[PDB]
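Dumped run_31.pdb below, it's PDB, C-alpha atoms (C1' of nucleotides):
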```pdb
MODEL        1
ATOM      1  CA  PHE W  50      97.700   4.357-103.793
ATOM      2  CA  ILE W  51      96.314   7.608-105.205
ATOM      3  CA  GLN W  52      99.543   9.625-105.322
ATOM      4  CA  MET W  53     101.992   6.948-106.488
ATOM      5  CA  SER W  54     100.375   3.629-107.370
ATOM      6  CA  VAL W  55      97.900   4.908-109.971
ATOM      7  CA  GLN W  56     100.559   6.913-111.818
ATOM      8  CA  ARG W  57     102.972   3.968-111.728
ATOM      9  CA  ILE W  58     100.303   1.588-113.042
ATOM     10  CA  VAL W  59      99.261   3.859-115.917
ATOM     11  CA  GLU W  60     102.860   4.662-116.887
ATOM     12  CA  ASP W  61     103.945   1.015-116.685
ATOM     13  CA  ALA W  62     101.242  -0.165-119.091
ATOM     14  CA  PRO W  63     102.668  -0.970-122.547
ATOM     15  CA  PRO W  64     101.695   1.586-125.198
ATOM     16  CA  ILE W  65      98.900   0.682-127.594
ATOM     17  CA  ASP W  66     100.477  -0.499-130.856
ATOM     18  CA  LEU W  67      98.174  -0.876-133.857
ATOM     19  CA  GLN W  68      98.590  -1.299-137.600
ATOM     20  CA  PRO W  81      99.495   0.308-143.491
ATOM     21  CA  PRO W  82      98.994   3.147-140.999
ATOM     22  CA  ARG W  83     100.137   2.787-137.401
ATOM     23  CA  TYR W  84      98.522   4.078-134.204
ATOM     24  CA  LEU W  85     100.314   4.710-130.901
ATOM     25  CA  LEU W  86      98.659   5.607-127.590
ATOM     26  CA  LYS W  87     100.618   6.825-124.567
ATOM     27  CA  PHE W  88      99.261   7.841-121.158
ATOM     28  CA  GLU W  89     101.195  10.759-119.695
ATOM     29  CA  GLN W  90      99.905  11.633-116.228
ATOM     30  CA  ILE W  91      96.846  11.030-114.047
ATOM     31  CA  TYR W  92      94.708  13.769-112.497
ATOM     32  CA  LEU W  93      92.484  13.512-109.424
ATOM     33  CA  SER W  94      89.848  16.094-108.548
ATOM     34  CA  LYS W  95      87.735  16.421-105.435
ATOM     35  CA  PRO W  96      84.805  13.966-105.293
ATOM     36  CA  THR W  97      82.071  15.465-107.457
ATOM     37  CA  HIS W  98      78.599  14.286-108.443
ATOM     38  CA  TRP W  99      77.343  14.440-112.029
ATOM     39  CA  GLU W 100      73.582  14.951-111.773
ATOM     40  CA  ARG W 101      70.972  13.987-114.372
ATOM     41  CA  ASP W 102      71.547  17.283-116.193
ATOM     42  CA  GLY W 103      75.284  16.529-116.051
ATOM     43  CA  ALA W 104      76.245  19.601-114.014
ATOM     44  CA  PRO W 105      79.134  18.652-111.694
ATOM     45  CA  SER W 106      79.041  19.626-108.023
ATOM     46  CA  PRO W 107      81.036  18.536-104.958
ATOM     47  CA  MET W 108      79.605  15.496-103.187
ATOM     48  CA  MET W 109      79.581  15.746 -99.482
ATOM     49  CA  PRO W 110      79.944  12.388 -97.691
ATOM     50  CA  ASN W 111      76.636  12.764 -95.844
ATOM     51  CA  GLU W 112      74.890  13.430 -99.151
ATOM     52  CA  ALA W 113      76.580  10.303-100.524
ATOM     53  CA  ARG W 114      75.238   8.270 -97.593
ATOM     54  CA  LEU W 115      71.681   9.615 -97.692
ATOM     55  CA  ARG W 116      71.182   9.434-101.473
ATOM     56  CA  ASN W 117      72.893   6.016-101.780
ATOM     57  CA  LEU W 118      75.556   7.608-103.972
ATOM     58  CA  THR W 119      79.168   6.500-104.419
ATOM     59  CA  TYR W 120      81.738   8.842-102.879
ATOM     60  CA  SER W 121      84.192   8.767-105.775
ATOM     61  CA  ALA W 122      86.424  11.131-107.716
ATOM     62  CA  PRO W 123      86.858  11.200-111.507
ATOM     63  CA  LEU W 124      90.196  10.143-112.976
ATOM     64  CA  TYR W 125      91.729  12.072-115.877
ATOM     65  CA  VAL W 126      94.822  11.076-117.865
ATOM     66  CA  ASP W 127      96.706  12.688-120.735
ATOM     67  CA  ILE W 128      96.617  10.615-123.927
ATOM     68  CA  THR W 129      98.837  11.266-126.947
ATOM     69  CA  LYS W 130      97.736   9.600-130.190
ATOM     70  CA  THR W 131     100.447   9.145-132.824
ATOM     71  CA  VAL W 132      99.619   8.134-136.405
ATOM     72  CA  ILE W 133     102.242   6.929-138.895
ATOM     73  CA  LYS W 134     101.079   7.374-142.494
ATOM     74  CA  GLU W 135     104.350   6.199-144.154
ATOM     75  CA  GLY W 136     104.816   9.762-145.451
ATOM     76  CA  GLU W 137     107.797  10.389-143.141
ATOM     77  CA  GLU W 138     105.503  12.690-141.128
ATOM     78  CA  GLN W 139     103.968  11.146-138.006
ATOM     79  CA  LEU W 140     101.158  13.254-136.546
ATOM     80  CA  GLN W 141     100.852  13.127-132.753
ATOM     81  CA  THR W 142      97.583  14.241-131.149
ATOM     82  CA  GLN W 143      97.563  14.860-127.398
ATOM     83  CA  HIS W 144      94.345  14.772-125.358
ATOM     84  CA  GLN W 145      94.187  16.561-122.005
ATOM     85  CA  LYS W 146      92.095  15.425-119.028
ATOM     86  CA  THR W 147      90.678  12.318-120.688
ATOM     87  CA  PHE W 148      88.112  10.862-118.278
ATOM     88  CA  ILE W 149      88.642   7.124-117.850
ATOM     89  CA  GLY W 150      86.629   6.465-114.688
ATOM     90  CA  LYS W 151      85.889   7.373-111.097
ATOM     91  CA  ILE W 152      87.853   6.059-108.111
ATOM     92  CA  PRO W 153      86.114   5.774-104.714
ATOM     93  CA  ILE W 154      87.736   8.062-102.157
ATOM     94  CA  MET W 155      88.516   6.884 -98.638
ATOM     95  CA  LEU W 156      86.930   9.267 -96.146
ATOM     96  CA  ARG W 157      89.202  11.844 -94.466
ATOM     97  CA  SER W 158      92.118  10.913 -96.737
ATOM     98  CA  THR W 159      94.147  13.580 -98.524
ATOM     99  CA  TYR W 160      91.797  13.658-101.531
ATOM    100  CA  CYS W 161      88.591  13.534 -99.482
ATOM    101  CA  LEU W 162      86.567  16.719 -99.090
ATOM    102  CA  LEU W 163      86.834  16.305 -95.296
ATOM    103  CA  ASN W 164      90.629  16.670 -95.316
ATOM    104  CA  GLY W 165      91.997  19.486 -93.190
ATOM    105  CA  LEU W 166      88.578  20.611 -91.939
ATOM    106  CA  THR W 167      88.294  21.764 -88.333
ATOM    107  CA  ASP W 168      85.623  20.570 -85.895
ATOM    108  CA  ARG W 169      83.292  23.475 -86.688
ATOM    109  CA  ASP W 170      83.698  22.926 -90.434
ATOM    110  CA  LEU W 171      82.864  19.233 -90.018
ATOM    111  CA  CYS W 172      79.813  20.074 -87.888
ATOM    112  CA  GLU W 173      78.607  22.484 -90.581
ATOM    113  CA  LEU W 174      78.854  19.500 -92.952
ATOM    114  CA  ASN W 175      76.869  17.266 -90.547
ATOM    115  CA  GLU W 176      79.926  15.041 -90.097
ATOM    116  CA  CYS W 177      81.132  13.770 -86.747
ATOM    117  CA  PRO W 178      84.453  15.371 -85.731
ATOM    118  CA  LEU W 179      85.254  12.147 -83.861
ATOM    119  CA  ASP W 180      84.662  10.009 -86.958
ATOM    120  CA  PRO W 181      88.113   8.615 -87.859
ATOM    121  CA  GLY W 182      87.279   8.074 -91.507
ATOM    122  CA  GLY W 183      89.294   5.491 -93.378
ATOM    123  CA  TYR W 184      86.313   3.839 -95.090
ATOM    124  CA  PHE W 185      84.687   4.031 -98.520
ATOM    125  CA  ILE W 186      81.077   5.000 -99.213
ATOM    126  CA  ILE W 187      79.830   2.670-101.956
ATOM    127  CA  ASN W 188      76.162   3.059-102.938
ATOM    128  CA  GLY W 189      75.476   4.790 -99.623
ATOM    129  CA  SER W 190      76.818   1.948 -97.485
ATOM    130  CA  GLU W 191      80.101   2.388 -95.614
ATOM    131  CA  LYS W 192      82.770  -0.114 -96.665
ATOM    132  CA  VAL W 193      86.070  -0.720 -94.862
ATOM    133  CA  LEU W 194      88.996  -2.585 -96.410
ATOM    134  CA  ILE W 195      90.527  -5.186 -94.085
ATOM    135  CA  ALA W 196      94.262  -5.789 -94.356
TER     136      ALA W 196
ATOM    137  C1'  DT G   1     100.950 -19.674 -97.315
ATOM    138  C1'  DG G   2     100.452 -24.711 -95.314
ATOM    139  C1'  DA G   3      94.814 -31.052 -95.446
ATOM    140  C1'  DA G   4      94.248 -35.965 -94.672
ATOM    141  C1'  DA G   5      92.822 -40.373 -95.637
ATOM    142  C1'  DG G   6      90.414 -44.173 -97.234
ATOM    143  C1'  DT G   7      89.025 -46.729-101.449
ATOM    144  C1'  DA G   8      88.544 -48.130-106.410
ATOM    145  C1'  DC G   9      91.485 -48.664-110.294
ATOM    146  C1'  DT G  10      95.703 -50.333-113.713
ATOM    147  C1'  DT G  11     100.039 -52.185-115.312
ATOM    148  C1'  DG G  12     103.847 -54.527-115.581
ATOM    149  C1'  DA G  13     106.275 -58.296-114.812
ATOM    150  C1'  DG G  14     107.873 -62.131-115.703
ATOM    151  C1'  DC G  15     109.861 -66.691-112.547
ATOM    152  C1'  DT G  16     114.543 -73.056-117.250
ATOM    153  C1'  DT G  17     115.163 -75.621-120.676
ATOM    154  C1'  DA G  18     115.712 -79.772-123.294
ATOM    155  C1'  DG G  19     113.824 -86.960-124.800
ATOM    156  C1'  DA G  20     113.368 -91.757-122.752
ATOM    157  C1'  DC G  21     111.635 -94.440-119.852
ATOM    158  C1'  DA G  22     106.536 -92.370-117.168
TER     159       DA G  22
ATOM    160  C1'   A A   1      59.676  -9.938-103.421
ATOM    161  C1'   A A   2      62.293 -15.422-104.991
ATOM    162  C1'   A A   3      66.547 -18.379-104.039
ATOM    163  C1'   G A   4      71.808 -17.902-104.295
ATOM    164  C1'   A A   5      76.296 -16.088-102.554
ATOM    165  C1'   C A   6      79.049 -13.414 -99.150
ATOM    166  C1'   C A   7      79.786 -11.174 -94.551
ATOM    167  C1'   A A   8      79.312 -10.123 -89.241
ATOM    168  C1'   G A   9      77.473 -11.993 -84.756
ATOM    169  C1'   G A  10      74.927 -15.452 -80.232
ATOM    170  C1'   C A  11      75.070 -20.022 -77.601
TER     171        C A  11
ATOM    172  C1'  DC F   1      97.181 -63.881-116.185
ATOM    173  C1'  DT F   2      98.147 -62.035-112.608
ATOM    174  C1'  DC F   3     100.004 -60.253-108.311
ATOM    175  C1'  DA F   4     101.958 -55.201-105.294
ATOM    176  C1'  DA F   5     102.621 -50.240-106.526
ATOM    177  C1'  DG F   6     100.528 -45.499-108.584
ATOM    178  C1'  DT F   7      96.325 -42.255-109.687
ATOM    179  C1'  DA F   8      91.268 -40.435-108.956
ATOM    180  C1'  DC F   9      86.501 -39.601-105.631
ATOM    181  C1'  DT F  10      84.729 -37.801-101.160
ATOM    182  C1'  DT F  11      84.139 -35.790 -96.779
ATOM    183  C1'  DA F  12      85.199 -32.344 -92.286
ATOM    184  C1'  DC F  13      79.234 -29.838 -85.434
ATOM    185  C1'  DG F  14      74.375 -28.252 -84.168
ATOM    186  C1'  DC F  15      71.287 -24.579 -84.716
ATOM    187  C1'  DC F  16      70.067 -19.259 -84.409
ATOM    188  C1'  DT F  17      70.038 -13.703 -85.655
ATOM    189  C1'  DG F  18      70.883  -9.911 -88.984
ATOM    190  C1'  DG F  19      72.665  -7.074 -93.387
ATOM    191  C1'  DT F  20      74.255  -6.468 -98.550
ATOM    192  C1'  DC F  21      74.407  -7.453-103.180
ATOM    193  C1'  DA F  22      73.778  -9.030-108.289
ATOM    194  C1'  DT F  23      69.968 -11.623-111.390
ATOM    195  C1'  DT F  24      65.519 -12.152-112.090
TER     196       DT F  24
ENDMDL
END
```
Take the structure I supplied and represent it as structure tokens, if you would.
Amino acid sequence: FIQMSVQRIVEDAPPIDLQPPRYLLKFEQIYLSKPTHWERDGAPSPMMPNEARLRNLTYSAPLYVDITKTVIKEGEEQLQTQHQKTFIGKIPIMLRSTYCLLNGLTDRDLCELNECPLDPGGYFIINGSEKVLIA
DNA sequence: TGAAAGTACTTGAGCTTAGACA
RNA sequence: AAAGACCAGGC
DNA sequence: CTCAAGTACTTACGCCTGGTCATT
């Protein structure tokens, strides 16, 4: 879903056509970062899953896309403006997936994070509670 | 992705005739 | 906290 | 005007425990 489906969905959306000047919006490519928490002061910092549970936070990662804005002014010169890393929302991250902060960590690393090495993961942390999607 | 059934409504159809006596 | 929904579970 | 043949309502166990969530 993260690697393929999101990119396919954003690229398959029809471009925004507006109109007289014309405006075109195109979404180039998605970007996922590690799950980070934006505090009251706005300073980002990685969110560990245990901190998400205890503080009733949402273990999610921000989503950034590249947006190119094209204006047609009828003067034969269309000005295209590209925006990098445009934040459009946060996607909850399944625990121990590829994009989770627990990915690839050894038993000692997980213990240092107060996470059970035997915990299989595969569930989302929404508002502190642990949610599992059923097929 | 796959009730089931009973009841209260409508709506259409649609059918030889002749006058005298009777 | 109030009733609403949803979910899981016991017999 | 008046008979059979189509379209609408109306309902499907008994409790009991709890946890979560959005509105208020």
Determine, counting all atoms listed in the file, every residue of protein, DNA or RNA that lies within 12 Å of (73.5, -13.6, -107.4) in the file coordinates, then give the result as a PDB file with C-alpha atoms (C1' of nucleotides), in the coordinates of the input.
```pdb
ATOM      1  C1'   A A   2      62.293 -15.422-104.991  1.00  0.00           C
ATOM      2  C1'   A A   3      66.547 -18.379-104.039  1.00  0.00           C
ATOM      3  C1'   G A   4      71.808 -17.902-104.295  1.00  0.00           C
ATOM      4  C1'   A A   5      76.296 -16.088-102.554  1.00  0.00           C
ATOM      5  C1'   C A   6      79.049 -13.414 -99.150  1.00  0.00           C
TER       6        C A   6
ATOM      7  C1'  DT F  20      74.255  -6.468 -98.550  1.00  0.00           C
ATOM      8  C1'  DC F  21      74.407  -7.453-103.180  1.00  0.00           C
ATOM      9  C1'  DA F  22      73.778  -9.030-108.289  1.00  0.00           C
ATOM     10  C1'  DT F  23      69.968 -11.623-111.390  1.00  0.00           C
ATOM     11  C1'  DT F  24      65.519 -12.152-112.090  1.00  0.00           C
TER      12       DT F  24
END
```
Convert the output of the PyMOL selection byres ((chain G and resi 4-21) around 12) on the shown file into explicit residues, formatted as a VMD selection string.
(chain G and resid 3 22) or (chain F and resid 1 to 12)
Would you export the selected residues with C-alpha atoms (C1' of nucleotides) as a short mmCIF file (atom, residue, chain, number, x, y, z; two decimals), in the frame of the given file, please?
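Contents of selection-v6.cif, as written:
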```cif
data_model
loop_
_atom_site.label_atom_id
_atom_site.label_comp_id
_atom_site.auth_asym_id
_atom_site.auth_seq_id
_atom_site.Cartn_x
_atom_site.Cartn_y
_atom_site.Cartn_z
"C1'" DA G 3 94.81 -31.05 -95.45
"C1'" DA G 22 106.54 -92.37 -117.17
"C1'" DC F 1 97.18 -63.88 -116.18
"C1'" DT F 2 98.15 -62.04 -112.61
"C1'" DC F 3 100.00 -60.25 -108.31
"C1'" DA F 4 101.96 -55.20 -105.29
"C1'" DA F 5 102.62 -50.24 -106.53
"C1'" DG F 6 100.53 -45.50 -108.58
"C1'" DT F 7 96.32 -42.26 -109.69
"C1'" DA F 8 91.27 -40.44 -108.96
"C1'" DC F 9 86.50 -39.60 -105.63
"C1'" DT F 10 84.73 -37.80 -101.16
"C1'" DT F 11 84.14 -35.79 -96.78
"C1'" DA F 12 85.20 -32.34 -92.29
#
```
Give me, as a Markdown table, each residue of chain W that comes within 12 Å of chain F, together with its shortest interatomic pair and the distance in Å at one decimal, counting all atoms listed in the file, with rows ordered by chain and rising residue number.
```
| residue | atom | partner | partner_atom | distance |
| --- | --- | --- | --- | --- |
| W:187 | CA | F:20 | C1' | 11.2 |
| W:188 | CA | F:21 | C1' | 10.7 |
| W:189 | CA | F:20 | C1' | 11.4 |
| W:190 | CA | F:20 | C1' | 8.9 |
| W:191 | CA | F:20 | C1' | 11.0 |
| W:192 | CA | F:20 | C1' | 10.8 |
```
Any idea what's packed within 8 Å of residue 92 (chain W), counting all atoms listed in the file, ignoring anything in its chain fewer than 2 positions away? Could you give it as a PyMOL selection string?
chain W and resi 90+94+124-126+146
Would you translate the PyMOL selection byres ((chain W and resi 133) around 6) into the concrete set of residues it matches in this file, as a VMD selection string?
chain W and resid 82 to 83 132 134 to 135 139
Would you mind exporting the chosen residues as a PDB file, keeping the file's coordinate frame, restricted to C-alpha atoms?
```
ATOM      1  CA  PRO W  82      98.994   3.147-140.999  1.00  0.00           C
ATOM      2  CA  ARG W  83     100.137   2.787-137.401  1.00  0.00           C
ATOM      3  CA  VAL W 132      99.619   8.134-136.405  1.00  0.00           C
ATOM      4  CA  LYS W 134     101.079   7.374-142.494  1.00  0.00           C
ATOM      5  CA  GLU W 135     104.350   6.199-144.154  1.00  0.00           C
ATOM      6  CA  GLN W 139     103.968  11.146-138.006  1.00  0.00           C
TER       7      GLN W 139
END
```
Can you work out the spacing between CA of residue 144 (chain W) and CA of residue 57 (chain W) in Å, to one decimal?
19.4 Å
